[PDB]
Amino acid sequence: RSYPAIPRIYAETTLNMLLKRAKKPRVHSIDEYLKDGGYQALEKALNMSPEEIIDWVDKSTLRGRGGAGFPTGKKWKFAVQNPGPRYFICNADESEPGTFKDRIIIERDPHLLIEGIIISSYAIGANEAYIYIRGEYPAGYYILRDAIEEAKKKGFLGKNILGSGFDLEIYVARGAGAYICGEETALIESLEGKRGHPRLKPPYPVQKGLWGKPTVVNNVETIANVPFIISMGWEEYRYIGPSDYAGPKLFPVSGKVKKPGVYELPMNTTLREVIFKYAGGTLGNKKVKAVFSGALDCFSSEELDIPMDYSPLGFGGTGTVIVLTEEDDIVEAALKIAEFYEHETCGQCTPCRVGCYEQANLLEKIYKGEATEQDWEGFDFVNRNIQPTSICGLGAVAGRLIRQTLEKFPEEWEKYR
């Protein structure tokens, strides 16, 4: 059928796994997916025990691709030590600035995701799974609904899938404008028909999630690895990239590069290589000033030789690379990050609520040259005081990138005082 218009984001791969089809900017339907051997991993998985599948995913070393890098197999193990029923949730809320990696899987190769969801659900004994997709991805929503119908037609969903005795339905829910609904407990609240308010953790979803039952939440990109692990086996999968951070990774690259888009690369790739070897260098061949890891971290031009992995000295996050060059005002950029957190705090926690607002409000004054001395001192204080009492990760990091700009670019901030 006809889907809404989607911009044709450039995609490029050195590994030909997650982007084997999604490197082409069009919907790949089930016949094309099947032609590439699709759903044979599911068939293989259904001839294994859930425990075996968990074991393979564990030994693959797959870590969460939604930002925190939690080991996926271990998450599944935690869930299954708890009595059922259990639920499986695919987090497709992708709303962090700079981050557009998950959508190209959803919109171009939906069956890769769906196959991943079916295998994962079987692994943890979930008979009901959800995709929670942000409201601003309407095309992705329609594409997934249609793809799920295809899978049903071919007998990959429903009751007694391929004679295995395993039953599964996948429900597609839509968000409606809140970044915080990507936080897994706020996501669950939203699926339950409520406001997206994060819950105190622990308990983690794997102990108490949707309707209080064991629930696994995993990111789109995480789930899209699962068919490869089963198809290749965990040993072959672990042979991809460095053995301590194995597997393909998607890197969404934006800002002042010549070839902005999504790159599928091993995680031993350096930030400098992502920018200059793959993304074609900078616009105008201007010097790199900074890279924003979404709205999380700010790296200076002195930090470009770090690996794009989940190590202490590595890039981390979701591998989101926003490039700023020498003429980009860092304070103007910091204001945009402050505005994001201001717009997205859910307000449950007082320092988060007032801190996200005040941080943006005072930084706007600073930027426009209308800040008093008290406003300057207040901005500094507020930036350091968003985290206290916070119950989720947003309050923990709303000041993080901005603080790093204050530390790494003092001269520029000084100009504004």
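Throughout, we count residues from 1 along the sequence that is shown.
(request) Would you mind comparing 162-170 and 113-121 for me and telling me which has the higher average C-alpha temperature factor in the entry? (result) Higher of the two, by average CA B-factor, is 162-170.
- Read off the CA B-factors in the entry, average them over 234-242 and over 175-183, and name the higher stretch. So the stretch with the higher mean C-alpha B-factor is 234-242.
- Choose from 344, 96, 327, 107 the residue with the greatest Cα B-factor as stated in the PDB record. Largest recorded C-alpha B-factor: 327.
Worksheet item: Among 199, 249, 103, 336, which residue carries the highest C-alpha B-factor recorded in the PDB entry?
Response: Each of 199, 249, 103, 336 was compared by C-alpha B-factor; the highest is 199.
Among modelled residues of the same chain, the CA temperature factor third for residue 264 = Residue 264: CA B-factor falls in the lowest third of its chain.
Ranking every modelled residue in this chain by its Cα temperature factor as given in the entry, which third contains residue 376? It falls in the top third of the chain.
Exercise for the section: Would you please rank residue 154 by its C-alpha temperature factor against the other modelled residues of its chain and give the third it falls in: lowest, middle or highest? Expected result: Within its chain, residue 154 is a highest-third residue by C-alpha B-factor, going by the deposited values.
Practice problem: Could you look up the Cα B-factor of residue 286 in the entry and say which third of the chain it sits in: lowest, middle or highest? | Solution: According to the entry, residue 286 has a C-alpha B-factor in the chain's highest third.
ask   = Going by what the PDB entry lists, where does residue 312 fall on CA B-factor within its chain: lowest, middle or highest third?
value = Its C-alpha B-factor belongs to the highest third of this chain's values.
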